[PDB]
Each structure stands twice: as structure tokens, then as C-alpha cells.
Amino acid sequence: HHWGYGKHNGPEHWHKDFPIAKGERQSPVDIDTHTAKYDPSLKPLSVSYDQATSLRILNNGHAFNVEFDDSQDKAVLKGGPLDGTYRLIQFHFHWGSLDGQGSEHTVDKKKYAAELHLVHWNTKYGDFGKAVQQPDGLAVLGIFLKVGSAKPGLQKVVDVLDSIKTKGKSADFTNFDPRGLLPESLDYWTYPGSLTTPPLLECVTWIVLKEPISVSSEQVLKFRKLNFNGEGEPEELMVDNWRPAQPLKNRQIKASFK
Ligand SMILES: CCc1ccc(CCOc2ccc(C[C@H]3SC(=O)NC3=O)cc2)nc1
Ligand SMILES: [Zn+2]
């Protein structure tokens, strides 16, 4: 009986195994746009992905992860609210059963169809496992997906999903360029938070871009054909793998833009 996104093991149950679920800096949150305050001291984000080395795509039973070589400073996030250098380790998405839900963050209570998370770790802690034990260990870049025009840079991801349908399947996924998943603007909101899955560690500086990317209905329909289950188990579609908004508590969301 492990955690997941069902009635019996979903987000409302996670606190029993992971009491930090009821902590002071949990993610995601609702971004109240009128309340977020413009912080003119925030720097432009620096997204340096031209030397990114993708390696593999994995169905881990909760999402699919596109994994990168993080054994050197190739693909790094710097600037914005961050001190120092954060290496890209993986990206994944959260998505819904329907276009009207799927995102983890919300904007004035609006849910997007999906949300992309590019996960980076602070190189001053040496490895990812040490970084998640630190309050400034990770930086996650969150990007909303809305359904409209196709995202050309997503199609190579969509087309490999047939090969990792079930939990524990992986496939080689080299030479994928994550710059193809970014919107035009790097305007963002930022706040201190957590991992949005168990173990729910409070180690994340969240950077959520204001501008969504557009994906096609066909692209997100292919996400929804993935399975939570392993091969040879009853089929459980991988949909609604999102944690809902958590209480903001004693936090301020800052905007990089007016
Ligand atoms: C390199 C080996 C390693 C591996 C995982 C962990 C602890 C768990 O860490 C994590 C577990 C889940 C996630 C994904 C979370 S956080 C987010 O933004 N969205 C998710 O789904 C991110 C980190 N420690 C060490
Ligand atoms: Zn995530």
C-alpha cells in the first residue's frame, strides 16, 4: 500500500507516511496574481541549456522522467532568485484526465492542462541526495501547458511514450534539447516550497514562468495513454498525477515583472 494518486493512496493520505505533508513550506500553491509583489531586486533568470546531454526516459509509475547527465556543469539554471549554480538532472510533467485540470500550481485558482517541472540541484552540495536535505538544495522551473497549437519541441517526447507505457520501463533518449519546451518570456513568480511528491522535502526554490506553452490535444492525449501499473498488471491510466494547492502559510510569492 504505497503512495500514489488514487482514492486510497492519493495526496490526502500522504501525511500518514510523510508528516511533512502538513509542513510550513509545502508545494504546490495557488499563485494569487494581484497579491504577488513585484520585486525589482530579482534578476533575470539565466537558463543555459545549449550543452544539455539527455540520456534516458523512464516511466517511474508516477510520471515519466527525461534524465540528463548532471556529472558536470552542462545544463544549468542561475540568476533569478538563486545564489550559485543549479544543474539540470531531469524534467517531467503532471497532467489531468481532462484539459481543465492537471497543473499543480494554479494561477488565480485556474488549473492548466499540465505542468512541466525542470528539476535542478545546487552544485555546492555535491550530489542530488545531499541537495534535497538543504533548504536551498533544488530549483524547479515550472512551466504551464495549455491545449491549443502543437509544441514542435515536445513531439520527440510524445513519440517515445509508446515504448515506456508501464512502470519500470525506460528507453534511450539522447540528443533531446529542452530549449524547445520554453515559452518566449522568462518572466516568473518565485517562492520557497517543497517537492510535490513524497518525500515532500522542503528543499525547493520554485520558479514558475508566467507564460504557458501551447501543446496540441493530440500531444496531451498521448500522455494520458501511459500507465501507472507495471507490465502484466491491470491497466490504470496515468492521469491526474498532480498534487493540489497547499496552504501558503507564512510565505510571499514574488514576481519578476510588473
Ligand atoms: C540521485 C538519487 C536520489 C533520488 C531521489 C532522492 C530523494 C527524493 O527526491 C525527489 C523525489 C521526487 C522528485 C519529483 C517531485 S519534485 C517536483 O517538482 N515534482 C515531482 O514530481 C524530486 C526529488 N534522493 C536521491
Ligand atoms: Zn513535478
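Rule-based calculations on the coordinates, nothing more; no lab input. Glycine gets a Cβ as well: all are built from the backbone with ideal geometry, and neighbour counts include every protein chain shown.
In this structure the amide hydrogen of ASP240, modeled in the peptide plane, comes within under 5 Å of the amide hydrogens of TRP95, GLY96, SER97, none closer than 5 places in sequence on its chain.
The phi-based Karplus calculation (6.51 cos²θ - 1.76 cosθ + 1.60; θ = phi - 60°) puts the 3J(HN,Hα) values of region 242-252 at 10, 8, x, 4, 10, x, 5, 6, 8, 9, 10 Hz, whole numbers, x for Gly and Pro. Along the axis of the charge dipole computed for the chain (Cβ charges of +1 for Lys and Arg, -1 for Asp and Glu, origin at the Cα centre), the listed residues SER256, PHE128, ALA36 are led at the positive end by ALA36. Between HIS1 and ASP187, what FRET efficiency comes out of the Förster formula 1/(1 + (r/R0)^6) with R0 = 41 Å and r the beta carbon distance, rounded to 0.05? So the FRET efficiency works out to roughly 0.45.
Looking at region 1-71, which GluC sites (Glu not before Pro) are in a loop (DSSP not H, G, I, E or B) and have at most 15 other Cβ atoms within 10 Å?
Working: sites: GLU12, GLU24, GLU67; in loops: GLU24.
Passing both the DSSP loop test and the Cβ count: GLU24.
Would you calculate, for the chain, the mean residue ellipticity at 222 nm contributed by helices, counting each DSSP H stretch of 4 or more residues as -39,500 (n - 2.57) and dividing by all residues, to the nearest 500? Kindly include the intermediate steps, with their values, before the conclusion.
Working: 3 runs with 17 residues, N = 258.
Helices in the chain give a 222 nm mean residue ellipticity of -1500 deg cm²/dmol.
Here region 196-258 and region 47-81 have alpha carbon centers that stand 17 Å from each other.
Suppose we keep just the DSSP beta bridges with both residues in region 109-258; what percent of those would be antiparallel, to 5? Bridges in region 109-258 are about 65 percent antiparallel. Computed from backbone phi with θ = phi - 60° and the Karplus coefficients 6.51, -1.76 and 1.60, the 3J(HN,Hα) list for region 210-221 is 5, 8, x, 9, 9, 10, 7, 4, 5, 4, 6, 4 Hz; x is used for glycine and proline.
Would you mind classifying region 72-137 by shape? Square roots of the alpha carbon gyration tensor eigenvalues, ordered a ≥ b ≥ c; an a/c under 1.5 is rounded, otherwise it is prolate if a/b is larger than b/c and oblate if not. The partial results should precede the final answer.
On the way: a/c = 2.61, a/b = 2.28, b/c = 1.14.
Note, shape of region 72-137 comes out prolate.
Going by a ≥ b ≥ c, the root eigenvalues of the Cα gyration tensor, does region 1-69 fall in the rounded group (a/c under 1.5), the prolate group (a/b larger than b/c) or the oblate group? The shape class here is oblate. For region 134-258, the square roots a ≥ b ≥ c of the C-alpha gyration tensor eigenvalues yield an a/c of 1.5 or more together with a/b not exceeding b/c, which makes the shape oblate.
In this structure, the pairs whose alpha-carbon distance is over 20 Å, taken from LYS110/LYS254; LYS22/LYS146; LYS22/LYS43; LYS124/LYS249, are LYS22/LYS146; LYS22/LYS43; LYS124/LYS249. Which residues among region 226-258 fall inside the zone where the amide N is under 20 Å from a point 7 Å beyond the Cα of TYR38, along Cα→Cβ? Residues 252-258 fall inside that zone. In this Cβ point-charge picture (+1 for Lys and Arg, -1 for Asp and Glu), the chain has a dipole of about 500 debye about its Cα centre. Remark: spin-label model distance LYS130-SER48 equals 2.0 nm, labels positioned 7 Å along the Cα→Cβ axis. Taking amide H atoms as placed 1.01 Å from N in the peptide plane, the amide H of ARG56 lies under 5 Å from those of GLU67, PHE173, each 5 or more residues away in sequence or on another chain. Applying 0.36 nm per residue to the separation of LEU55 and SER214 and subtracting their alpha-carbon distance, the gain on full extension is 54.7 nm. Once both labels are positioned 7 Å from their Cα atoms along Cα-to-Cβ, the gap between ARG179 and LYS225 label points is 3.1 nm. With θ taken as phi - 60° and the Karplus curve 6.51 cos²θ - 1.76 cosθ + 1.60 applied, the whole-hertz 3J(HN,Hα) list for region 97-110 is 7, 9, 5, x, 7, x, 6, 8, 5, 10, 10, 6, 6, 6 Hz, x standing for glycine and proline.
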